[PDB]
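Accompanying notes for the structure given below.
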Amino acid sequence: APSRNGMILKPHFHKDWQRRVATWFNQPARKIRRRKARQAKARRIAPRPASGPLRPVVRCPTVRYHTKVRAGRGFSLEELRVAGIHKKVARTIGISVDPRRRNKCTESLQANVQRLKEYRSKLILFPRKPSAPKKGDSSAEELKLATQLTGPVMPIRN
Amino acid sequence: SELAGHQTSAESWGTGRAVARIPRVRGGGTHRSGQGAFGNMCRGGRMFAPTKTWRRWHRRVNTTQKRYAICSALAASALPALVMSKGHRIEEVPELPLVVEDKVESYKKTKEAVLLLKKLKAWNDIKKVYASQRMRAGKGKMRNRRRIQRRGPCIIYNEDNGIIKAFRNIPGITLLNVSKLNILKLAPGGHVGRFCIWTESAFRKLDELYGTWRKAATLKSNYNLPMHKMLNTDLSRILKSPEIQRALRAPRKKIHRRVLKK
Amino acid sequence: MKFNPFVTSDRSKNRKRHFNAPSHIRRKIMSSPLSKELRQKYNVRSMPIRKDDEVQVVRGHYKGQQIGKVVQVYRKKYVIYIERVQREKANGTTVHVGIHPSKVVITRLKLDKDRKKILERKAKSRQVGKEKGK
RNA sequence: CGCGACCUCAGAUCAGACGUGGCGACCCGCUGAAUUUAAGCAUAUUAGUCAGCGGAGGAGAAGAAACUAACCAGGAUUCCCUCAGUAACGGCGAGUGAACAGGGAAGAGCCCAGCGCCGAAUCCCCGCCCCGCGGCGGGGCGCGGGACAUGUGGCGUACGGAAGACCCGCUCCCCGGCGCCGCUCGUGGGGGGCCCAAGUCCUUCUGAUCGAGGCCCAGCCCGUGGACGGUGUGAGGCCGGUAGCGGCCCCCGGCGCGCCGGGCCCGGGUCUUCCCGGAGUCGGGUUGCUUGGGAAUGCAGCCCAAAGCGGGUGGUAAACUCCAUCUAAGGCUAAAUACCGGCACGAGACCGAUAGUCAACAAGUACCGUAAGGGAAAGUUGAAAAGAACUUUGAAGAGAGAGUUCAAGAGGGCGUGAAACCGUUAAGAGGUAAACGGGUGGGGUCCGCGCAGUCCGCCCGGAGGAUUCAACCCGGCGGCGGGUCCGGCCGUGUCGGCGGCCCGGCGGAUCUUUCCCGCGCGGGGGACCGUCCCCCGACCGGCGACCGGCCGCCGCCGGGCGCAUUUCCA
RNA sequence: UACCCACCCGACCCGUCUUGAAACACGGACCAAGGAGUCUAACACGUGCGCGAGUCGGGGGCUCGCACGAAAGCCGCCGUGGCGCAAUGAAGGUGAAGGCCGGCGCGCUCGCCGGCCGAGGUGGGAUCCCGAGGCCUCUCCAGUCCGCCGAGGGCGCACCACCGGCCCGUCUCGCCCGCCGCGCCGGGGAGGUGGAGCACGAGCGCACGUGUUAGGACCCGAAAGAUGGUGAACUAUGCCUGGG
RNA sequence: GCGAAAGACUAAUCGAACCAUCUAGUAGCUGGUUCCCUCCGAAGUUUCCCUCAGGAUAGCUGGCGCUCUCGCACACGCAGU
RNA sequence: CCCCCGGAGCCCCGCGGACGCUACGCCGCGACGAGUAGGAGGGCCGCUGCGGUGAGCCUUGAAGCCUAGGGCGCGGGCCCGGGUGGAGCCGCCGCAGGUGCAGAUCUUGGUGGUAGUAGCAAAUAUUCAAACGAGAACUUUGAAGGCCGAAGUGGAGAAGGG
RNA sequence: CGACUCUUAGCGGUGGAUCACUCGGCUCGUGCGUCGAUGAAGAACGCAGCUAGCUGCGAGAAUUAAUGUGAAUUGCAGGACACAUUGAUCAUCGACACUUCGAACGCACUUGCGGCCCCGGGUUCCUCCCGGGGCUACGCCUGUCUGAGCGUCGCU
Ligand SMILES: [Mg+2]
Ligand SMILES: [Mg+2]
Ligand SMILES: [Mg+2]
Ligand SMILES: [Mg+2]
Ligand SMILES: [Mg+2]
Ligand SMILES: [Mg+2]
Ligand SMILES: [Mg+2]
Ligand SMILES: [Mg+2]
Ligand SMILES: [Mg+2]
Ligand SMILES: [Mg+2]
Ligand SMILES: [Mg+2]
Ligand SMILES: [Mg+2]
Ligand SMILES: [Mg+2]
Ligand SMILES: [Mg+2]
Ligand SMILES: [Mg+2]
Ligand SMILES: [Mg+2]
Ligand SMILES: [Mg+2]
Ligand SMILES: [Mg+2]
Ligand SMILES: [Mg+2]
Ligand SMILES: [Mg+2]
Ligand SMILES: [Mg+2]
Ligand SMILES: [Mg+2]
Ligand SMILES: [Mg+2]
Ligand SMILES: [Mg+2]
Ligand SMILES: [Mg+2]
Ligand SMILES: [Mg+2]
Ligand SMILES: [Mg+2]
Ligand SMILES: [Mg+2]
Ligand SMILES: [Mg+2]
Ligand SMILES: [Mg+2]
Ligand SMILES: [Mg+2]
Ligand SMILES: [Mg+2]
Ligand SMILES: [Mg+2]
Ligand SMILES: [Mg+2]
Ligand SMILES: [Mg+2]
Ligand SMILES: [Mg+2]
Ligand SMILES: [Mg+2]
Ligand SMILES: [Mg+2]
Ligand SMILES: [Mg+2]
Ligand SMILES: [Mg+2]
Ligand SMILES: [Mg+2]
Ligand SMILES: [Mg+2]
Ligand SMILES: [Mg+2]
Ligand SMILES: [Mg+2]
């Protein structure tokens with residue numbers, strides 16, 4: 001029974017909110033459950049970027065959002081034959097492969113290629129064995145670091 | 001519980017039977033059979049509006065509100081008036097924003113700590129705590145909240161280099177990091193002005209923590225101290241400046257008992 | 001303060017873990033201190049009381065210096081039963097009266113294979129803590 | 001009128017496996033209302049909810065697009081925020097009512113069938129040995145079985161792959177054992193056991209202390225321990241404990257080297273030849289449920305039923321027509337994600353025994369109903385049974401003494417022990433039922449007193465009696481106030497130093513890539529403005545911000561002053 | 001003041017529904033204990049506090065075995081967004097700006113070009129400023145200081161009333177066009193009207209009061225409806241088998 | 001369901017059982033709604049209602065307020081006149 | 001000349017100010033204070049919980065309970081006198097409620113009046129003596145009177161009962 | 001003062017409020033995520049020196065062996081033992097056990113009926129009979145044996 005100026009209100013509580021209410025007194029213990037994963041995963045994979053693999057620069061879709069940029073899913077395929085990285089190798093080298101992106105422009109292609117070219121250069125390939133041959137980066141470039149990258153690898157700033 | 005007194009299967013034999021029209025319990029050769037169930041009014045039964053879990057237990061403050069709550073608590077951690085007037089037994093203390101060497105972060109034994117609190121003449125707050133230990137009045141006693149006591153001096157330190165261990169067993173003392181101050185603990189009870197012991201390391205870090213005034217915090221993102229609503233807080237000086245007194249009508253204080261008419 | 005969660009601190013829960021603890025544990029609980037002589041000689045503060053151990057009452061109605069020997073141990077009533085520690089009933093039939101370990105002091109331990117090794121191992125732990133603190 | 005292959009199909013208490021019930025919060029299929037709501041009412045909603053039913057696991061489902069989009073594009077799932085209570089639906093009304101983009105948790109990808117390539121390269125079950133045996137497995141050897149040619153292995157699967165040619169560079173994984181070395185985060189992984197400070201010090205309360213003063217710094221000790229519980233009252237110290245990369249002993253977990261037995265000739269990049277999608281499926285017509293999906297979102301039955309530059313999609317039917325984007329008909333999967341059931345814990349602004357769960361206890365117990373089912377009441381002696389020995393009255397129940405108890409006016413349904421209610425003792429009343437309001441009076445129990453309540457406090461005058469002073473200086477100490485802002489230190493406003501400016505930073509899409517580093521961009525440096533510091537100089541608020549001297553005054557202490565003073569007393 | 005008693009005056013038993021209850025209306029023997037406006041979401045106004053054309057809050061992150069801790073702190077997060085920062089139209093979309101001056105186009109109250117000022121005015125408008133004139137002041141005059149009074153005049157917020165203006169919709173009317181393009185192209189005027197508009201801002205966040213709903217919903221209070229189950233031990237029938 | 005037929009009977013139950021759940025079912029309708037004091041203080045009137053036991057809006061009430069005046073020798077306004 | 005209050009000696013004192021000035025304190029004027037529903041305000045009115053704080057109180061006796069023990073508020077209640085009780089409790093400043101009962105044929109438990117009231121009425125039936133026993137109308141034995149009256153109150157079974 | 005009655009008081013009960021405790025709830029978190037035909041969940045009955053109930057257990061029945069632990073156990077008895085000893089007790093549990101129903105399994109549920117294997121006595125397989133041990137429920141998979149079919153053939 002309305003009285004003198006309000007809104008209409010179709011509050012939707014005619015069903016049964018009561019039974020299916022989730023309260024959130026997990027929230028903070030969950031915060032911590034999470035903490036211990038972030039934590040543990042890093043200590044397990046010791047030298048490896050804690051955040052996760054390298055992930056591509058990418059443009060947001062719909063018209064409003066245009067001007068932004070993101071970590072995309074993974075770098076395209078077309079992208080790799082160009083950087084000279086085999087798609088199945090990339091996946092082992094902490095390089096994120098989406099294989100499902102239609103690459104339409106040379107602008108965002110080379111932009112995103114430069115990230116791989118950049119990655120190669122500042123990547124210490126820790127060798128199969130200790131007494132190991134080619135492509136693994138030398139015992140100097142090896143001693144210097146035990147360094148997990150905290151935060152997103154080569155973070156994408158607009 | 002959601003089932004509180006609500007597990008009964010009682011119809012209510014309403015009207016024509018004297019009784020009362022409550023829902024009354026079925027069959028039986030017990031006594032609990034034709035009692036009443038699901039009435040607030042009745043045994044077994046249940047309350048008004050079962051106290052539910054999704055009560056809005058917790059609450060809310062704006063960052064700025066609760067930053068300059070700390071300001072006001074800290075500013076009154078000077079001013080022996082307010083600090084004493086919490087019964088913080090500061091009389092033989094040398095000075096009030098009480099700063100101490102940064103040797104203190106490194107005591108690792110309660111005996112050292114205790115010898116500091118003598119030599120800063122600050123026993124007698126802990127002493128006081130130490131006399132105020134009794135059994136809580138009420139029902140809390142039978143719930144993990146039996147004893148109680150005063151608060152003792154707050155002690156603050158930019159880095160636990162062993163200190164918090166030392167000042168722990170001493171009753172009343174709470175440690176607070178400077179980088180992580182807390183209004184609950186600086187201003188307990190929502191009253192202002194607790195006795196605090198800055199250690200030089202910490203005491204420097206206060207302006208860089210959360211600002212001087214004509215300078216950013218440089219440790220919080222954007223935060224600067226609250227401005228005052230007025231500068232000359234004493235008005236008694238104001239009220240007998242010659243500026244004011246000159247421009248005032250002369251009093252009226254004959255008073256004026258009313259006149260009985262004859 | 002306690003800390004270790006994985007321990008209780010609950011008015012009720014360790015009130016409970018009292019008059020429901022098994023005889024296994026009640027030994028440790030039913031311990032009394034040693035007299036200065038032994039506490040010196042042996043480097044052990046307090047011992048579990050045992051059936052034939054000699055004991056001085058310290059608190060209670062009938063405190064004294066009389067070294068009586070322990071007779072038996074209600075670990076059920078969870079209380080010990082000593083020698084001239086006793087009262088006369090209405091009929092003359094003397095009955096002993098209960099006392100804790102905690103309100104009593106050991107003046108002569110009754111030694112053994114199994115009890116010696118505890119006295120060694122407690123005294124070894126004491127000194128390991130003092131050598132660790134050193 | 002035989003024997004033999006196969007195909008179909010039986011029988012075996014055959015050899016070996018396995019399935020079935022329960023649990024059921026969470027999980028998945030389906031099924032499925034009506035109260036209720038709409039002020040009725042059937043449309044709608046409750047609501048794909050409850051019951052019903054079916055099904056799983058430590059989580060369940062889903063999942064590697066027949067997606068999203070309309071961007072300059074993104075890129076499996078789920079989840080949280082967000083969209084957003086929005087697009088639409090609706091006797092367009094009650095309600096209903098999602099999605100697309102972004103941010104974030106987490107984040108992993110992959111496998112079939114076919115086309116083909118490869119002496120089935122395969123697979124199953126026996127027998128003998130070699131190792132292995134408390135999740136039955138490797139190694140070998142056997143014209144020991146059998147499936148499989150209606151098709152078993154490898155590569156391969158669309159993000160290309162196969163096959164060829166020559167372009168480049170070069171060779172370590174897997175598994176059965178069998179050892180051994182580093183016990184491998186709460187701050188030595190899991191579990192168990194076992195273990196690690198300090199007073200029963202004085203005195204004094206008390207039945208008993210754990211209480212109150214004290215005790216070489218709030219007393220003594222300890223204090224990486226002062227949580228808690230026990231302990232004839234409130235106990236850091238008595239005891240268990242607590243804290244404490246505190247100790248040690250088993251076991252269990254997991255990860256590191258060796259030996260061995262087996263398995264494996266597994267790359268990378270270029271040019272050509274060809275080779276490709278899963279049918280009664282898509283789609284359509286229809287009907288039925290569903291959502292929000294719509295002139296059809298989803299799911300159904302039936303009817304009709306495809307193609308191969310095709311098919312779906314690209315959200316008001318449709319033709320034409322242009323563009324985008326996936327690729328179904330086969331399939332798997334951690335992670336976040338859910339958890340009123342279980343085991344095991346931790347806590348609380350909680351309830352505190354007519355509350356709190358039905359249940360603090362013989363609680364799902366007693367009892368009821370034939371049965372489905374229904375389903376209670378009921379905690380407390382004391383500290384210790386020390387629970388009345390013994391005399392006596394009484395058939396006995398009960399008493400009186402006595403005894404025990406700090407307390408039995410704590411006596412076995414015992415802390416306390418209300419009111420209704422009843423028990424008797426004392427006082428007073430009593431023909432209009434009691435009971436009530438206003439006003440007095442009498443009497444009591446008590447309560448103040450007074451064996452004068454003459455209540456106190458100044459000042460003064462008088463008369464007695466008694467100490468050292470007050471007034472004064474002088475020595476000291478400590479305040480206060482004043483100013484000369486005298487001298488210095490302090491800060492407000494102004495000016496000067498352009499002096500910090502690079503030895504002062506940080507902010508700014510300010511400017512230079514004349515610079516440097518890394519790849520036009522990023523980082524760094526250099527210029528600019530706004531900001532915040534030094535030097536010194538000048539003015540002014542000269543400010544509670546002092547500190548030094550000079551002053552003026554006060555107070556205290558110590559000297560002097562012996563008595564017409566200055567106190568005390570009556 | 002309270003207990004009993006005494007008197008004098010007063011005097012119906014409460015609760016409730018009720019035009020009207022002592023009711024010849026209903027509840028109510030007495031006493032103990034229990035017992036009824038609760039929580040959440042959403043609005044709305046009122047108010048409190050923070051910051052302010054912003055402001056937030058999460059959800060996320062970074063910082064704990066929590067003793068206190070499931071706290072507090074902090075984050076180009078800090079804004080990916082909400083709310084606000086602008087409306088109007090069904091929709092394509094448009095979008096708050098006027099004055100003045102000079103010059104140029106015939107100032108044609110039409111078009112364009114240079115400068116100046118910038119939210120138009122009127123009436124009320126707390127009101128701040130100016131203020132003629134008093135009004136003293138031991139003498140006559142002179143005169144600076146100082147207040148009180150002060151007719152009269154000026155700026156005028158907030159607000160109210162009005163008159164003006166600009167954006168969008170729609171109408172009417174009527175002018176000139178630009179010309180990446182051709183105008184069934186786009187574009188510009190005048191007047192009127194519709195708009196929950198702009199016309200030099202007030203929101204945001206967080207409290208609390210009230211209220212209104214949605215919620216079981218202040219508690220108690222039906223006849224019903226639905227879904228699943230148990231019963232022929234009574235009785236009703238049928239049947240089977242016994243007895244009189 | 002069962003009825004030689006009477007709405008008989010279905011275990012003290014029948015115009016159609018009992019048990020549990022949906023279940024706080026709904027109720028314009030009965031009843032009640034728990035501490036003091038101070039101040040102001042109604043209506044049973046309006047139009048629409050599947051409205052006549054109820055709602056909708058007219059009123060009247062309180063609260064919250066605000067804009068001002070001037071009783072500070074120096075007031076305009078309002079009004080059951 | 002017409003001089004300085006650290007002194008005019010003060011009803012005016014402007015050189016410095018109540019005892020009074022909890023600056024939401026206190027003081028003087030006037031004026032006014034019928035109330036259901038409702039609002040609003042005020043409640044050192046009341047209940048239970050926590051953060052503060054009260055060198056709070058407490059085995060030299062708390063809560064409750066009880067009091068023809070003194071009082072105070074208008075009153076919510078509050079404060080004081082004694083006894084008993086035996087373990088804990090309160091005051092202020094805040095915060096938090098499942099928050100204050102006479103009512104609901106309200107819920108549970110208890111208790112009255114009624115009231116020592118209704119009532120112990122279906123089958124004709126008992127009496128004596130002894131025993132036993134503390135105690136006998138009620139048990140037993142004897143004796144006597146009676147009934148059921150073989151379609152039984154006789155003697156055996158089913159189902160049920162256990 | 002006669003008795004009753006009312007009020008109040010002084011005490012006696014009755015009742016069980018109030019208060020004060022609390023081995024229980026409730027709520028909220030965390031860790032793990034535990035069945036079975038080898039025979040579960042659920043029930044029946046039995047088991048102690050004196051034991052009805054709860055609880056614990058299963059004809060090895062208020063437990064079994066073992067390892068810690070390390071002297072009790074106890075309402076009362078009674079006990080071994082040698083407390084210089086698996087050594088009392090308790091916890092753990094890992095060694096062994098598992099009465100009857102039950103998905104309940106030979107068929108039915110009376111508690112009766114059987115079948116088929118073994119080993120005692122009986123026999124001296126002579127068959128019962130008496131004694132003892134193992135199997136025997138339905139579905140279905142891989143395999144095996146035995147088959148059926150005017151199904152399709154082949155050879156005769
Ligand atoms: Mg991440
Ligand atoms: Mg309840
Ligand atoms: Mg209380
Ligand atoms: Mg199953
Ligand atoms: Mg209705
Ligand atoms: Mg309806
Ligand atoms: Mg209806
Ligand atoms: Mg419907
Ligand atoms: Mg539906
Ligand atoms: Mg719906
Ligand atoms: Mg269901
Ligand atoms: Mg998606
Ligand atoms: Mg203690
Ligand atoms: Mg204690
Ligand atoms: Mg100890
Ligand atoms: Mg389909
Ligand atoms: Mg629907
Ligand atoms: Mg698929
Ligand atoms: Mg799957
Ligand atoms: Mg799965
Ligand atoms: Mg009870
Ligand atoms: Mg209960
Ligand atoms: Mg009791
Ligand atoms: Mg009681
Ligand atoms: Mg007593
Ligand atoms: Mg007592
Ligand atoms: Mg007690
Ligand atoms: Mg009693
Ligand atoms: Mg009486
Ligand atoms: Mg009398
Ligand atoms: Mg009515
Ligand atoms: Mg009448
Ligand atoms: Mg009535
Ligand atoms: Mg919105
Ligand atoms: Mg109906
Ligand atoms: Mg009829
Ligand atoms: Mg009034
Ligand atoms: Mg509460
Ligand atoms: Mg009550
Ligand atoms: Mg006859
Ligand atoms: Mg017979
Ligand atoms: Mg009771
Ligand atoms: Mg009680
Ligand atoms: Mg044949």
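Every chain in the structure tokens takes a letter, A first, then B, and so on in the order presented; its residues are numbered from 1, and the ligands are numbered from 1 following the presented order.
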
Close residues to ligand 15 using only C-alpha atoms (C1' of nucleotides) and all ligand atoms, limit 8 Å, as a PyMOL selection string: chain D and resi 197+239-241

Writer output for current selection, N, CA and C atoms (P, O5', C5', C4', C3', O3' and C1' of nucleotides), as a PDB file, in the first residue's frame:
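See selection.pdb below for the written result:
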```
ATOM      1  P     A D 197      61.134 -26.511  33.230  1.00  0.00           P
ATOM      2  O5'   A D 197      61.896 -25.331  33.978  1.00  0.00           O
ATOM      3  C5'   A D 197      62.239 -24.129  33.270  1.00  0.00           C
ATOM      4  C4'   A D 197      62.670 -23.035  34.220  1.00  0.00           C
ATOM      5  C3'   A D 197      62.216 -23.146  35.682  1.00  0.00           C
ATOM      6  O3'   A D 197      63.324 -23.445  36.538  1.00  0.00           O
ATOM      7  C1'   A D 197      61.269 -21.205  34.655  1.00  0.00           C
ATOM      8  P     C D 239      55.226 -27.835  40.916  1.00  0.00           P
ATOM      9  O5'   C D 239      54.614 -29.247  40.498  1.00  0.00           O
ATOM     10  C5'   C D 239      53.478 -29.850  41.153  1.00  0.00           C
ATOM     11  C4'   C D 239      52.373 -30.136  40.167  1.00  0.00           C
ATOM     12  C3'   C D 239      52.680 -29.826  38.718  1.00  0.00           C
ATOM     13  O3'   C D 239      53.537 -30.741  38.073  1.00  0.00           O
ATOM     14  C1'   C D 239      50.502 -29.144  39.207  1.00  0.00           C
ATOM     15  P     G D 240      54.090 -30.385  36.634  1.00  0.00           P
ATOM     16  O5'   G D 240      52.791 -30.464  35.715  1.00  0.00           O
ATOM     17  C5'   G D 240      52.194 -31.737  35.428  1.00  0.00           C
ATOM     18  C4'   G D 240      50.881 -31.591  34.694  1.00  0.00           C
ATOM     19  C3'   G D 240      50.979 -31.035  33.289  1.00  0.00           C
ATOM     20  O3'   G D 240      51.515 -32.008  32.404  1.00  0.00           O
ATOM     21  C1'   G D 240      49.195 -29.982  34.386  1.00  0.00           C
ATOM     22  P     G D 241      52.467 -31.544  31.215  1.00  0.00           P
ATOM     23  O5'   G D 241      51.461 -30.722  30.282  1.00  0.00           O
ATOM     24  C5'   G D 241      51.811 -29.472  29.634  1.00  0.00           C
ATOM     25  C4'   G D 241      50.615 -28.537  29.575  1.00  0.00           C
ATOM     26  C3'   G D 241      50.842 -27.222  28.834  1.00  0.00           C
ATOM     27  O3'   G D 241      50.427 -27.259  27.459  1.00  0.00           O
ATOM     28  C1'   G D 241      50.088 -26.762  31.036  1.00  0.00           C
TER      29        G D 241
END
```

Nearby polymer residues, ligand 20, at most 8 Å, only C-alpha atoms (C1' of nucleotides) and all ligand atoms, as a PyMOL selection string: chain D and resi 60-62+333

Take the residues just selected and output them with N, CA and C atoms (P, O5', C5', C4', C3', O3' and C1' of nucleotides) as a PDB file, in the first residue's frame.
```pdb
ATOM      1  P     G D  60      35.203 -34.097  -8.917  1.00  0.00           P
ATOM      2  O5'   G D  60      33.653 -33.968  -9.220  1.00  0.00           O
ATOM      3  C5'   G D  60      32.838 -35.123  -9.048  1.00  0.00           C
ATOM      4  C4'   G D  60      31.390 -34.719  -9.001  1.00  0.00           C
ATOM      5  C3'   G D  60      30.852 -34.017 -10.229  1.00  0.00           C
ATOM      6  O3'   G D  60      30.534 -34.968 -11.257  1.00  0.00           O
ATOM      7  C1'   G D  60      30.199 -32.781  -8.302  1.00  0.00           C
ATOM      8  P     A D  61      31.379 -35.024 -12.647  1.00  0.00           P
ATOM      9  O5'   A D  61      30.588 -34.029 -13.596  1.00  0.00           O
ATOM     10  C5'   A D  61      29.227 -34.305 -13.930  1.00  0.00           C
ATOM     11  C4'   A D  61      28.507 -33.021 -14.247  1.00  0.00           C
ATOM     12  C3'   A D  61      29.065 -32.255 -15.437  1.00  0.00           C
ATOM     13  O3'   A D  61      28.536 -32.766 -16.658  1.00  0.00           O
ATOM     14  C1'   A D  61      28.846 -30.789 -13.601  1.00  0.00           C
ATOM     15  P     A D  62      29.340 -32.541 -18.023  1.00  0.00           P
ATOM     16  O5'   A D  62      29.699 -30.994 -17.944  1.00  0.00           O
ATOM     17  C5'   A D  62      28.759 -29.936 -18.223  1.00  0.00           C
ATOM     18  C4'   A D  62      29.541 -28.713 -18.588  1.00  0.00           C
ATOM     19  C3'   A D  62      30.408 -28.961 -19.818  1.00  0.00           C
ATOM     20  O3'   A D  62      29.891 -28.253 -20.927  1.00  0.00           O
ATOM     21  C1'   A D  62      31.754 -28.344 -17.933  1.00  0.00           C
ATOM     22  P     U D 333      37.417 -36.771 -17.119  1.00  0.00           P
ATOM     23  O5'   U D 333      38.679 -35.824 -17.329  1.00  0.00           O
ATOM     24  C5'   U D 333      39.962 -36.052 -16.717  1.00  0.00           C
ATOM     25  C4'   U D 333      40.634 -34.726 -16.466  1.00  0.00           C
ATOM     26  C3'   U D 333      39.747 -33.693 -15.777  1.00  0.00           C
ATOM     27  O3'   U D 333      39.449 -33.852 -14.384  1.00  0.00           O
ATOM     28  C1'   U D 333      40.816 -32.676 -17.609  1.00  0.00           C
TER      29        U D 333
END
```

Proximal residues of chain C relative to chain E (only C-alpha atoms (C1' of nucleotides); 9 Å) as a PyMOL selection string: chain C and resi 1-5

Atoms to include: N, CA and C atoms. Write the selected residues as a compact mmCIF listing (two decimals), in the first residue's frame.
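In the end it all went to again-v9.txt:
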```
# COMPACT_ATOMS: atom_id res chain seq x y z
N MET C 1 50.75 -15.17 27.09
CA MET C 1 49.71 -15.69 26.17
C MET C 1 50.08 -17.02 25.57
N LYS C 2 49.09 -17.87 25.37
CA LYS C 2 49.27 -19.02 24.48
C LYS C 2 49.22 -18.51 23.07
N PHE C 3 49.57 -19.39 22.16
CA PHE C 3 49.58 -19.08 20.75
C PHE C 3 49.07 -20.23 19.93
N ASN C 4 49.81 -21.34 20.00
CA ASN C 4 49.64 -22.49 19.13
C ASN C 4 48.16 -22.84 19.02
N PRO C 5 47.54 -22.53 17.86
CA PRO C 5 46.22 -23.06 17.60
C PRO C 5 46.49 -24.49 17.26
```

Site check for ligand 16: residues at most 10 Å away, only C-alpha atoms (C1' of nucleotides) and all ligand atoms, as a list in words: residues 281, 282, 283, 299, 328 and 329 of chain D

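Considering only C-alpha atoms (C1' of nucleotides), the residue among F:71, F:63, F:7, F:31 positioned nearest to chain B is F:31.
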
9 Å contact set for residue 206 in chain B, only C-alpha atoms (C1' of nucleotides), chain neighbours under 6 positions out, as an MDAnalysis selection string: chainID B and resid 178:179 212

Produce a file of the selected residues containing N, CA, C and O atoms, as a CSV table (one decimal), in the first residue's frame.
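Writing done, so here's result_25.csv:
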```csv
chain,number,residue,atom,x,y,z
B,178,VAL,N,54.3,1.4,13.4
B,178,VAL,CA,54.0,2.8,13.0
B,178,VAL,C,53.3,2.7,11.7
B,178,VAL,O,52.2,3.3,11.6
B,179,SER,N,53.9,2.0,10.8
B,179,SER,CA,53.3,1.7,9.5
B,179,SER,C,51.9,1.1,9.5
B,179,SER,O,51.2,1.2,8.5
B,212,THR,N,53.4,15.7,7.0
B,212,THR,CA,53.2,17.0,7.6
B,212,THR,C,52.1,17.6,6.8
B,212,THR,O,51.2,16.8,6.4
```

Near-residue 17 in chain A list (12 Å; only C-alpha atoms (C1' of nucleotides); drop same-chain fewer than 5 positions) as a PyMOL selection string: (chain A and resi 11-12+22) or (chain B and resi 54) or (chain D and resi 49) or (chain E and resi 40-41+214-215)

DSSP-assigned alpha helix (DSSP H) among chain A, expressed as a ChimeraX atom specification: /A:27-44,80-83,87-92,106-121,140-143

Contacts of range 45-50 of chain A within 8 Å, only C-alpha atoms (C1' of nucleotides), excl. fewer than 3 positions in-chain, as a ChimeraX atom specification: /A:38,41-42,53,146-151,153

Interface list for chain A, partner chain D, 6 Å threshold, only C-alpha atoms (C1' of nucleotides), as a VMD selection string: chain A and resid 61 to 63 99

Residue list for chain B near chain C as a ChimeraX atom specification, 7 Å, only C-alpha atoms: /B:142-144

Writer output for current selection, C-alpha atoms, as a compact mmCIF listing (two decimals), in the first residue's frame:
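Output file again-v2.txt is given in full below:
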```
# COMPACT_ATOMS: atom_id res chain seq x y z
CA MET B 142 31.82 -18.68 31.72
CA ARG B 143 32.94 -17.78 28.25
CA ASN B 144 36.76 -17.35 27.74
```

Interface list for chain B, partner chain H, 12 Å threshold, only C-alpha atoms (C1' of nucleotides), as a PyMOL selection string: chain B and resi 1-4+50-54+57+138-139+141-143

Environment of ligand 8 within 8 Å, counting only C-alpha atoms (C1' of nucleotides) and all ligand atoms, reported as a PyMOL selection string: chain D and resi 42-45

Given 12 Å and only C-alpha atoms (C1' of nucleotides) and all ligand atoms, residues near ligand 13 as a count of residues only: 17

Under the rule of at most 6 Å, produce a per-residue listing of chain B near chain G: chain, number, name, the closest pair of atoms, and the distance in Å, as a Markdown table, using only C-alpha atoms (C1' of nucleotides).
```
| residue | atom | partner | partner_atom | distance |
| --- | --- | --- | --- | --- |
| B:18 | CA | G:105 | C1' | 5.2 |
| B:19 | CA | G:105 | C1' | 5.9 |
| B:20 | CA | G:105 | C1' | 5.8 |
| B:41 | CA | G:107 | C1' | 5.3 |
| B:42 | CA | G:107 | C1' | 3.7 |
| B:43 | CA | G:107 | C1' | 5.8 |
| B:128 | CA | G:55 | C1' | 6.0 |
| B:188 | CA | G:52 | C1' | 5.8 |
| B:189 | CA | G:52 | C1' | 4.0 |
```
